[PDB]
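S.K.:
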Amino acid sequence: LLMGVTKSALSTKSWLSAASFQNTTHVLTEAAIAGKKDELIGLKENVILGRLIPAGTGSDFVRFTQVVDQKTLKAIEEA
Amino acid sequence: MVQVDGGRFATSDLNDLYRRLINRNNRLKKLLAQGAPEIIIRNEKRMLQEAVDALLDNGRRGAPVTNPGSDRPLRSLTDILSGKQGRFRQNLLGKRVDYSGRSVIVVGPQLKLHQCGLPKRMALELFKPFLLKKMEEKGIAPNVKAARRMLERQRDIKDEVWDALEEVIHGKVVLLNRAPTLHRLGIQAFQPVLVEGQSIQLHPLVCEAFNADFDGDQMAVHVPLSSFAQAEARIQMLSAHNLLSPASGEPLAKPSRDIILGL
Amino acid sequence: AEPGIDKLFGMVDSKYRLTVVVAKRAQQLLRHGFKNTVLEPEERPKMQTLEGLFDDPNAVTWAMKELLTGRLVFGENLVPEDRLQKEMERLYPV
Amino acid sequence: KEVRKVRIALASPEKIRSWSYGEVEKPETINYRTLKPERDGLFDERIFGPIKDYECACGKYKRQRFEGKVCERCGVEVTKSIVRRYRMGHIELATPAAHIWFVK
Amino acid sequence: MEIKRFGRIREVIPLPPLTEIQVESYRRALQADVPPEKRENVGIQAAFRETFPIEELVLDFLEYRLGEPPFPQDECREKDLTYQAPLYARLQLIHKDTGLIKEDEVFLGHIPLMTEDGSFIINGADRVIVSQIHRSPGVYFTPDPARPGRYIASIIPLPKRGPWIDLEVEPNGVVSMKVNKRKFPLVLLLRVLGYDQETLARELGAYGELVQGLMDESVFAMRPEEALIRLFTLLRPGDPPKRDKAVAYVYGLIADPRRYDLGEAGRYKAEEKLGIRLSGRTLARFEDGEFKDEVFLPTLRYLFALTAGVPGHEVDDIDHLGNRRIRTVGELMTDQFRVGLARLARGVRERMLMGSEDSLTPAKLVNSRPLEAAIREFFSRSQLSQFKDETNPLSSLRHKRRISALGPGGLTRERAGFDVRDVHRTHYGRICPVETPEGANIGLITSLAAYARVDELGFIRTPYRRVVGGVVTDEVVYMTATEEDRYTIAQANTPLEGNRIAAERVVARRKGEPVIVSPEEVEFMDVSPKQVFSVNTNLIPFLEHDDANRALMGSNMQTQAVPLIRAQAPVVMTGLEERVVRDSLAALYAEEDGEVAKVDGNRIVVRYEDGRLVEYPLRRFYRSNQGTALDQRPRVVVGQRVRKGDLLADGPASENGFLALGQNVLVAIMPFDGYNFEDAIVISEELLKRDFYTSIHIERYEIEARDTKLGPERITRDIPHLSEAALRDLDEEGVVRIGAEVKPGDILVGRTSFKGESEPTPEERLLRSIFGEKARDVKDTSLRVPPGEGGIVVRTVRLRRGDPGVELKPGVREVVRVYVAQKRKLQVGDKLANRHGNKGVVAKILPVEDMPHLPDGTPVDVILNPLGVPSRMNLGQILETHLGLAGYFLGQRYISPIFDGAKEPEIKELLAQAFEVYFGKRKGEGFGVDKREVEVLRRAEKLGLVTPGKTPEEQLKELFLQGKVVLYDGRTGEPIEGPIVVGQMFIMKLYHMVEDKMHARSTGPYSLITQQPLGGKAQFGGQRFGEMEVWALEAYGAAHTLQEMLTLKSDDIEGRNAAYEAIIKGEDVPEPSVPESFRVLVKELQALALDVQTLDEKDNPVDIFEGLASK
Amino acid sequence: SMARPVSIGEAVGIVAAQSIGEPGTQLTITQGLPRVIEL
Amino acid sequence: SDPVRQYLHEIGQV
Amino acid sequence: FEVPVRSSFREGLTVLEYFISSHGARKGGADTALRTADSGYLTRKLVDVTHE
Amino acid sequence: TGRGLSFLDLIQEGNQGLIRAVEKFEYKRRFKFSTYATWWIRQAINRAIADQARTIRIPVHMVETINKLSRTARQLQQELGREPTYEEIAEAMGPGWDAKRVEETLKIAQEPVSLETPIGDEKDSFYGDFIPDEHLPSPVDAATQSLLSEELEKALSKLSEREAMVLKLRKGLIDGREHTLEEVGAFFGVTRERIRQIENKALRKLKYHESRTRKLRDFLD
DNA sequence: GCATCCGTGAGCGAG
DNA sequence: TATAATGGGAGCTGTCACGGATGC
Ligand SMILES: [Mg+2]
Ligand SMILES: [Zn+2]
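Respectively, the protein sequence lines represent chains P, U, X, L, D, A, R, Z and V.
Quick note, the first sequence lines up with residues 43 to 121 if you use this note's numbering.
Quick note, the second sequence lines up with residues 2 to 264 if you use this note's numbering.
Quick note, the third sequence lines up with residues 1132 to 1225 if you use this note's numbering.
Quick note, the fourth sequence lines up with residues 58 to 161 if you use this note's numbering.
Quick note, the fifth sequence lines up with residues 22 to 1132 if you use this note's numbering.
Quick note, the sixth sequence lines up with residues 5 to 43 if you use this note's numbering.
Quick note, the seventh sequence lines up with residues 84 to 97 if you use this note's numbering.
Quick note, the eighth sequence lines up with residues -6 to 45 if you use this note's numbering.
Quick note, the ninth sequence lines up with residues 30 to 250 if you use this note's numbering.
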């Protein structure tokens, strides 16, 4: 089923992204009835709440990396 | 409901809209104990309904004037969430920010790609928290509250303040935004070069990417704060780090106008 | 541009990982006040003043430099966050 | 805790009274001479909170000494004034009324 | 300097008084000069005549009158009150059947008055009322967009008087009349009108297969007073016909000249359109007792003859400047006055019943509140009442000759198609094609044409010359947009010998369409080419060479020029620059032939023929709406003889009566080290030195001292805990002494307000005891100079209670206004332009040593990058340099009108005459040719610029004649490898200066609800990081730098109090919390019956209010 | 922008949307910008 | 709609 | 227009050659400003589809 | 119609007076009902308007004092051909009225303006957007007040834990309460005049710490 | 299934 | 607290295109 970018933008699973777009009176009521939980998979959802966005230097791939000198490296090596 | 400078009061539209509902509720209460006929009670319960409609989403039946005087719709709960001006596009998906400034841009021929001209007085206020600290490690103030009182009035500005501001800015970068912000490269991270005079000095090659010219074009400055935000700005965001277009693969910083001609 | 940058994008799988490493290391040099540094004194980033040369204030500027020399170890799940925090505050008290 | 999910749903009249610290039975907002919130008014120190931090309406309770304590004379908890942005109230309707979003 | 003037075109009529469209229109509406019984029933006289008598007791209007101003013009400005005059109106209350009258003069309040220049005063703040354009009232037929051969008839009244009416033929052939958006058979109306099936078949029946659709209902042919009832119920539900309510709703819809009023214009438009005569501006008549028709049948006959094609039957344009009209300041106010009046009459009929029904004066039967507030509305809170833009004399003029299709009573922005914006063939001579706002407003706001005039019906007219035979009469025929269409009209450029047509073919237009015509077929001829373009556009010389889009900036940007302390009128002029100083008052003049007696900076006194010693004071250094400085400078000396019309004083920017916006600087056109890259501009410091481009600007600051609930507010020399360092310049009364210099952060006026409820923090009670001084009763409230502003204190105005001359707001004790003026030198970031729409920021001020020069040491004032020209296509700036080259040397200025002006040939010759003073001086002075001048004449000829083999003297000439000279480089001493174009150009310092525009914030004021920073320079607030800006961050994938703008840097309160604490201490920045504007959203949604809840990964709730909103 | 393989965690949508959107003001025997919107 | 109009007709029944 | 403007800007137009021009410029200027509201709109749609 | 109450509200409030009249009506009096209903309808509408027409609510007697003030000002305008002075009305308003009273009444009668009042002809700007928040402490203020508790804790270390605790207890730095000397004597073991003596000597030792160090000085404000 | 209605949107700066 | 009084009053207009619903 092909749909245009406005329909597909509203139709997005996440309703924080849908309601920041348009027809907010409408988005919110179908979302509210449905008791919709929003996983913040997307940018707009995250940007609203101030959370660190899922891309760039927030991407879970690169987000978690740790840096340490060779001094402290061999230092905790004992255990 | 707050008092402005002049002592006068300024109240939110939601208050005259809530007082309308409260009134029709508390008259409906009175009518029903007084045992009114069904033609009056019909009416009062119908009006209780266009009070609730004015409040939640107004303009979906007919639009309440605040008074007959202003034909301005009272701004309701729905009106506040939705719109260009609505709580969402205005407040949650973009904000006004704390460390930021604005000036007229002027041509930058001398500066290196990664650098740009920042007027003294802008750089002072943008880094003012960092400068109050640097004024404490060097001796120019006993402390912060003294250092701050020193920068408040403009005749109070010492030479060491300036030579200390240079000490702050070292290594740091700032962002330049010309709006329309059309694509990612419409904000670029440059390393600031403090200049005298009141305008911003932009580097020539990035002019084209921002769609800047100097017809009086103005640009905004922002200061990245965390040691993180710095790394982001300096690595990815730098003006000299993005030399091709993400759009097509083609070079974005190219020899522009005087430079093509010169060669 | 930022020095040795190309080699800094050759060091990582994703350009935004290098940024995390630069940002985290810079916060470590800040906390421990530069003493945990992997730089020998001649390799110190210096700042030109009125007085003469002084150490570069930007912990980021530093961190990028630390990196180009193989002195540093980055990756995912190297050490529990307990051990790392404490063993650095022991090694370099602040 | 950390926030991984955000859920939106219709609230029963009871879920609202849960949120609600008291009913506004009167329209008046401020008093005409002393500008102070009217009892059961739209702005009430009683319902929503004290105007000034940790200080009840009549001055009897002050500073930090009382965190969860509620004045007997005034009716105002003494807590950070910022609760006035948070606490809510209800108006209990004589006849049930539709929410125009579900009608229109 | 002697002025030689080009072009042989002769102007039959000079330009009309230019502020006339305001000056005349408002005088006509009032008639304050006219003796009360000679008042002609237009305007103010008309509202009274319409609204009165007031029926049932009959209250009747007799005459009105206008008294003298409460305060003279100046006083009104400083004192924040309106320039106006009392209006009293004489009424007589008549008794029904008693016969008794009581006649009293009622006071109607005050009405705002137009000053000499066509502007108003409102509260100390000049305003201009701006003429509006709209579809003229009348009868129009447009093709039905539904079907090709079908047409919709449109009947349009004056906008708020009466509804629009569409008459459609289709679908099924019956005539459908739409009113108040309800469609019914038009037929049903006709019966009510005293039409029967017979009278209709007569005149209308002639058109076959059409009339048949109308008479389809015989059942409707039954009776007038049944059909009246039937219709009344088709218009509104639930309302019982009552047979009283039918007639009153129908008459009040159509026949009441009170409720439904065609344009007096609209009246004529339809009389001419359908060829009938109207009795009044009504559609129909109430003539006793039946409804009698006027308008309806001849619009129906016209429609029906248009539907099936009949010759002579027109569709209409609606963009035609005969189908669109101008509502001016005089009509625009009369309207709001007609609405304020009929509300007052409503208040009469309500009190004509109740009360003493017997004891009523006219005085007690009338209340002005509906009328007073109704006018204060139009002037104060309206859209067409605009804050007067006088940056400078031209700004303020053009502002009057600005024309809006915008404003209530007309279009919004989403509403305007290409149609209304488009330049339409009748904008010729009438509206400007050039001067329109670029960007979002384009084709909506425009300037009126130069020679154009607005007539009584509010249609624009342009002058033409009657041409009879081959001869051209010197009589100027002023033609409506439509009546221009009947004739063939030649251009003014067409050749003439004496009064005779001198060519075998002349160029002319029939109905605006261009065509070539014999001297025999020419009915009229243009008055001048000047009649086409706005006043502004006419100040552009060589404009015949400049592309359209740039000329639009030429015009619009002249409105912007800042008045310079040494200002010059262009060495190249179009000739209008002298009279523009006149028409909008800039300069001062002599009233009768006379002789000068006194000379001052402050005043000039003249003795006339009369013997009467006449004093003219001079306005000195007065602040205008934008803060530019108005001062009139004396231009005559003690004992100088002056004829009527001679100049006594120069305007703010005028040079000996001519218009001086900018200065004439010497500009060389070359790239210079990329300092002029992309329309930036490079400057000889020689401009700063000798005070070119230096201009004066007063800013005004104001401060109030009220009566608090908690005490007084006092303006005093006494401010708590403040060093003498701070109070030094203050006088004894707390106001800064006159003539003191001020900086950012300094005290203008000191003030003490009584502190709020005092809860000094427990940290304060210890500190108070330690230092032994007691907490003072009054906070420091003192007004200060904002950052980036400052200057000299030129004046102080103090007002206390005990004021004989002004009104003081309730609770307000005393008000002080301090005036701070700054002389701004030109600087970097500042903006310059020229008359050709070339515009830039100033990038670099070079010393005079580094600056490119000539063989003699004389350096250029400006460097202009050639790159700016060819994409921009404005070549008149080139010709301004070329002619301006020679006028430098010959010591002369020129007048070269638009399209009839200097051709290059006559300019070349002027260059040849300049060259000789240039070179022949150096040749006599005992100096041959320079060794570099050769190396350049080398490459010049290699470029084909000079003829090889001629002498260097004849080669320097051929180069100079191309306006190019050998330019030596300031830095090397070696020449510039090519020859370069140099010459005098008129360039102006524009409004936008960095001193004003530069702002930077750290932390500061936050809006109440959002906690997010405020916007704008003087509320001191952070830049907007908008949706588009956030996308940039995201695209770059800068996560934290984004979370900053969203959290610590805006509304996350705890985050930002702690962020700033962290930097101060020298710590790395904290971990952001929830943006406070998010909690505003949750609680707004709960207020919307919507529960919103954050969640665990465990689906369990999480509290972001940290427990404050839960029990 | 680096002429090298994409770095994991790039925000590609917001990149693409911009790259498409920046020229839009320039789309002009032509259907132009609205043809694009139509699609 | 138009509660004024509807109330009037409700009044006109008695 | 069935008749073209003969003049270059170096020659300079005629009062009437000029007038004809402003038709083009005016209708082109209002196009440029009208598709500008539409570009930034389309733009905001695309950003919203594809953000996640 | 235009008095601050909507049509339907005026009708309903009027209907409520029609009911009051139906209960008070005595049919034995020959008057038609319309005569008696009319008085009660006009009374309930006027009570209603005076009650509900103001966001900032004003007492009924006070309402008609302000109204009388308006009509008197208006009469004086009709007479004087211009707006009257506070003192010109104060005379015309009879004995007991001065300019000060006419003024204060007017300020008390000032109605609040909507924060949503548009600024400019564009829809873009609102009035309440230009209104700052004076209540919540700016980052500067909050930073200063913390640096105060830090500077006071650094100067109370120079005192012994007893004499610093006499001061910490007596000025309310702990729990937010100020204890009388007899109480700091009951907690420490000292007599009331002995804790007034070790409070005075500790405050005096603080004064020397201050005159010597020059730290707490900048907090002078 | 086509006509037709309603409800929805329509890119920094200073005021 | 009483003469009789009994159904408003505004009328704002050169979008536009869209999709999804409601009607013939
Ligand atoms: Mg530009
Ligand atoms: Zn209390």
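We treat Cβ as the ideally placed atom computed from N, Cα and C, and that holds for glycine.
(1) Could you tell me how far apart the beta carbons of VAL827 (chain D) and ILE736 (chain D) are, in whole angstroms, since I believe they sit closer than 8 Å?
(2) Whose C-alpha, out of X:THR1150, X:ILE1136 and X:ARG1214, is nearest the C-alpha of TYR1057 (chain D)?
(3) Could you name the residues of the segment 85 to 96 of chain P whose beta carbon sits closer than 7 Å to any beta carbon of chain U, in the order they occur along the chain?
(4) For the segment 143 to 200 of chain D, list the beta strand (DSSP E) runs that are entirely contained and at least 3 residues long, ordered along the chain.
(5) I'd like to know if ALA461 (chain D) contacts chain A, where contact means its C-beta is closer than 8 Å to some C-beta of that chain.
(6) Can you tell me whether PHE128 (chain D) is helix, strand or coil according to DSSP?
(7) Mind checking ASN144 (chain D): buried by the 16 CB within 10 Å criterion, or exposed?
(8) Alpha carbon to alpha carbon, what distance is there between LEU769 (chain D) and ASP752 (chain D)?
(9) Nearer than 7 Å: is that true of the beta carbon of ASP216 (chain U) relative to any heavy atom of ligand 4?
(10) Mapping DSSP to helix, strand and coil, what is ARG446 (chain D)?
(11) With a threshold of 6 Å on Cβ separation, who are the neighbours of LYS199 (chain D) within its own chain once the five nearest residues in sequence on each side are excluded?
(12) Is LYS117 (chain L) close to ligand 2? I mean its beta-carbon at under 7 Å from any heavy atom of the ligand.
(13) Mind listing the chain P neighbours of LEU93 (chain U)? Cutoff is C-beta to C-beta under 8 Å, in chain order.
(14) Spell out whether any CB of chain Z is found under 8 Å from the CB atom of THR29 (chain A).
(15) Chain Z partners of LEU37 (chain A), CB-CB under 7 Å?
(16) Look at the Cβ atom of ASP1073 (chain D), then the Cβ atom of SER1094 (chain D), and state whether they are nearer than 8 Å.
(17) Taking 8 Å as the threshold (C-beta atoms), are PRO887 (chain D) and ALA689 (chain D) in contact?
(18) For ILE724 (chain D), which three-state DSSP category applies?
(19) Using 8 Å as the limit for Cβ to Cβ distance, is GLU251 (chain U) near chain R?
(20) Between the segment 522 to 529 of chain D and the segment 569 to 588 of chain D, do three or more beta carbon pairs fall short of 8 Å?
(21) Which whole-angstrom value is the C-beta distance of residue 8 (chain D) and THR72 (chain D), which I expect to be below 8 Å?
(22) Using alpha carbons as the reference points, say which of D:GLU504, D:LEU283, D:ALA1110 and D:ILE424 lies closest to residue 1 (chain U).
M.R.: In short:
(1) Within the fifth sequence, residue 827 (chain D) is the residue found at index 806, counting from 1. Within the fifth sequence, residue 736 (chain D) is the residue found at index 715, counting from 1. About 17 Å; that fails the 8 Å criterion.
(2) As a working note, residue 1057 (chain D) is residue 1036 in the fifth sequence. Minimum Cα distance to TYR1057 (chain D) is reached at X:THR1150.
(3) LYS86, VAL89 and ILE90
(4) 147 to 150, 152 to 156, 159 to 164, 172 to 177, 186 to 189 and 197 to 200
(5) Counted from its first residue, the fifth sequence places residue 461 (chain D) at position 440. Closer than 8 Å: no.
(6) To locate residue 128 (chain D), count along the fifth sequence from 1; it is residue 107. In this structure, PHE128 (chain D) counts as strand in the three-state DSSP scheme.
(7) Position 123 of the fifth sequence holds residue 144 (chain D). So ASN144 (chain D) ends up on the exposed side.
(8) Working through the fifth sequence from its first residue, we reach residue 752 (chain D) at position 731. Working through the fifth sequence from its first residue, we reach residue 769 (chain D) at position 748. Those two C-alpha atoms are separated by around 11 Å.
(9) The model depicted lacks ligand 4 and carries ligand 1 and ligand 2 instead.
(10) Residue mapping note: residue 446 (chain D) aligns to position 425 of the fifth sequence, counting from 1. Coil.
(11) Reading the fifth sequence from its first residue, position 178 is the one you call residue 199 (chain D). Here the set comprises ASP187.
(12) For this step, residue 117 (chain L) is matched to residue 60 along the fourth sequence. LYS117 (chain L): yes, Cβ under 7 Å from ligand 2.
(13) As a first step, residue 93 (chain U) must be located in the second sequence, where it is residue number 92. Simply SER62, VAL89 and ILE90.
(14) Residue numbering aside, residue 29 (chain A) sits at position 25 when the sixth sequence is read from its first letter. Chain Z contact via Cβ: present.
(15) Counting from 1 along the sixth sequence, the entry for residue 37 (chain A) is found at position 33. Going along chain Z in sequence order, the residues near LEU37 (chain A) (Cβ under 7 Å) are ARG28, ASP31 and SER32.
(16) Within the fifth sequence, residue 1073 (chain D) is the residue found at index 1052, counting from 1. Within the fifth sequence, residue 1094 (chain D) is the residue found at index 1073, counting from 1. Yes.
(17) Indexing the fifth sequence from 1 puts residue 689 (chain D) at position 668. Indexing the fifth sequence from 1 puts residue 887 (chain D) at position 866. The answer is no: Cβ separation not under 8 Å.
(18) In the fifth sequence, counting from the first residue as 1, residue 724 (chain D) sits at position 703. Note: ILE724 (chain D) maps to strand in three-state DSSP.
(19) One-based indexing of the second sequence puts residue 251 (chain U) at position 250. So no, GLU251 (chain U) is outside the interface.
(20) no
(21) Nothing about residue 8 (chain D) can be reported from this structure: the residues present for chain D run from 22 to 1132 only.
(22) Residue coverage of chain U in this structure runs from 2 to 264, which leaves residue 1 (chain U) outside it and unanswerable.
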